[PDB]
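What follows is the residue order along each chain.
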Amino acid sequence: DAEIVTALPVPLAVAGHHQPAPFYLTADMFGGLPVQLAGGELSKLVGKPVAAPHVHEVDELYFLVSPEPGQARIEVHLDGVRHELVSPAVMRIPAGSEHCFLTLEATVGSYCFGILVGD
Amino acid sequence: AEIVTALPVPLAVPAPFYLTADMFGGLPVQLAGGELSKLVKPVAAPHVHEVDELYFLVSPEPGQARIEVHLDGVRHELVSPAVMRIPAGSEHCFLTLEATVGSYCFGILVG
Ligand SMILES: O=[P-]([O-])[O-]
Ligand SMILES: [Fe+3]
Ligand SMILES: [Fe+3]
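Residues numbered from 1 in each chain as written, not as in the entry; some residues may be left out. Chains lettered and ligands numbered in written order. Heavy atoms only, no water.

Draft legend 1. How the structure looks around the sheet that holds strand 9 (residues 92–99) of chain B. Residue and element names in this part refer to chain B. Read from one edge of the open sheet, three strands run 7-6-9, paired in antiparallel fashion. Each edge of the sheet is formed by a strand with only one pairing partner; in this case those strands are strand 7 (74–79) and strand 9. Each adjacent strand pair in this sheet contributes to an overall mean axis angle of 20°, direction not counted. Alignment of strand 6 (residues 65–71) against strand 9, held across seven bridges, turns out to be antiparallel. Counted as the bridge partner of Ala-65 is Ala-99 from strand 9. (Pairing = 2+ DSSP bridges. Helix = DSSP H or I, 4+ residues; strand = E, 2+ residues; numbered from the N terminus. Axes fitted to C-alpha atoms, helices over the stretch in contact; angles between N-to-C directions.)

And the structure:
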């Protein structure tokens, strides 16, 4: 009686996002989780932002990872200031901060995961 | 801006951690894992945690990674994308059967 979820990702609407965002952990899974986790592989997102600037009422972490360090790079807009992240990197977006990201560079297997931290 | 780049953090469980409980003033999860293409290795050690752990299996394209999760004497074969809950106190481990470059299994300890 292991609990396994394979109906994934779960498309959920997120503010400012052009398309539904793909979630792999949602707050209601397994009786309730303190985080939600969405994101995906970046190799076909170079130059194409997934969202307009937006704000959450919870903290969000960007987790940028790739098989080899340096293989992925995103630009995070944080209240009108641009920050370049190079894999591997984790960036905290405080609740209420206006933000979005643009993929600068990405190999196959590069991911950006957004982790909403439930307070 | 709060950016952490000294990653992964090797911690004995050493596992490569990308989120640790003390980051950013305290986090409700920890996240460890790594790329699976170099783990496809003959053996894996059963172990237990005092918190729940979620396995998160992903690959660039669905179905490109496959693991065996051993959970309290039961074998489970999972295909990406998959999420599996390992309850605290359960003896468990996983073995990578198949993985393209850029496949990950992340272990997420839920506080
Ligand atoms: O859609 P975002 O939470 O990665
Ligand atoms: Fe966001
Ligand atoms: Fe474990």
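Draft legend 2. Local environment of unusual backbone geometry. All names here are of chain A. Look at the link from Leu-8 to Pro-9: it is a cis peptide, with omega at -5°. On the secondary structure map, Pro-9 appears in the loop between strand 1 (3–5) and strand 2 (10–12). Even without being a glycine, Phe-30 presents a positive backbone phi close to 60°. Topologically, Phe-30 is positioned in the loop between strand 3 (21–25) and strand 4 (35–41). Residues other than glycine seldom take positive phi values, yet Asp-79 does so here, at roughly 50°. Secondary-structure assignment places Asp-79 in the loop between strand 6 (72–78) and strand 7 (81–86).

Draft legend 3. Fine view of the coordination of the iron ion (ligand 3). Residue and element names in this part refer to chain B. Coordination sphere of the iron ion (ligand 3), protein contribution only: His-47 (NE2), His-49 (NE2), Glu-53 (OE) and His-92 (NE2), at 2.0 to 2.2 Å. For the iron ion (ligand 3), the four donor atoms in the first shell make angles of 88 to 175° at the metal, a pattern classed as irregular. As a motif over one chain, the donors of the iron ion (ligand 3) read H-x1-H-x3-E-x38-H. Assessed through its relative accessible area of 28%, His-47 is described here as partly exposed. Given a relative accessible area of 9%, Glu-53 falls into the buried group. (Donors = N, O, S within 2.8 Å, 3.2 Å for Na, K, Ca; no water. Tetrahedral: all angles 85-135°; square planar, octahedral: opposite > 155°, others 65-115°. Buried < 20%, exposed > 50% of the residue type's maximum accessible area, 1.4 Å probe, protein only.)

Draft legend 4. Fine view of the UniProt feature "binding site: Fe(3+)" (unreviewed entry) in chain A. Residue and element names in this part refer to chain A. As annotated by UniProt and renumbered to match this structure, "binding site: Fe(3+)" (unreviewed entry) occupies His-54, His-56, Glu-60 and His-99. In terms of the greatest pairwise C-alpha distance, the residues named above, spread along 46 residues, form a tight cluster of at most 11.5 Å across. Tracing the backbone through its elements, the reader meets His-54 in the loop between strand 4 and strand 5 (59–65). Its relative accessible area of 5% is what places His-54 among the buried residues. (UniProt positions renumbered as here; feature names shortened; annotations may be inferred.)

Draft legend 5. Quick peek at the interface of chain A and chain B. Between chain A and chain B, the residue contacts involve 35 residues of the former and 35 residues of the latter. Ranking the residues of chain A by area buried against chain B places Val-90, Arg-92 and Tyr-111 of chain A at the top, with a combined share of 18%. The interface formed by chain A and chain B includes two salt bridges. We note a salt bridge from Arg-92 of chain A to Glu-2 of chain B, for which the minimum N-O separation is 2.6 Å. There are six residue pairs in polar contact connecting chain A and chain B. Of all the elements in the fold, those that place two or more residues in the side of chain A that touches chain B are strand 1, strand 3, strand 4, strand 5, strand 7, strand 8 (89–93) and strand 10 (111–117) of chain A. Of the residues contributing to the side of chain A that touches chain B, the split by class is 27 nonpolar, four polar and four charged. (Contact = heavy atoms within 4.5 Å. Buried area = accessible area lost by both parts, 1.4 Å probe. Salt bridge = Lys/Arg side-chain N within 4 Å of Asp/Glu carboxyl O. Polar contact = N/O pair within 3.5 Å; in protein donor to acceptor, adjacent residues only side chain to side chain. Nonpolar A, V, L, I, M, F, W, Y, C, P; charged D, E, K, R; others polar.)

Draft legend 6. Structural view of the nonpolar core. Counting 33 residues, the largest nonpolar core has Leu-25 and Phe-63 of chain A together with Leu-19, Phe-56 and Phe-106 of chain B as the members making the most contacts within it. The set of elements that each furnish at least two residues to this core consists of strand 3, strand 4, strand 5 and strand 10 of chain A together with strand 3 (15–19), strand 4 (29–35), strand 5 (52–58) and strand 10 (104–110) of chain B. Leaving out residues up to four positions away in the same chain, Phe-56 of chain B has contacts with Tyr-24, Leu-37 and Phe-113 of chain A together with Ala-82, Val-83, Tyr-104, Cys-105, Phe-106 and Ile-108 of chain B. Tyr-62, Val-76, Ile-93 and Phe-101 of chain A belong to the second largest nonpolar core, which has 14 residues in total. (Core = buried A, V, L, I, M, F, W, Y, C linked by side-chain atoms within 4.5 Å.)

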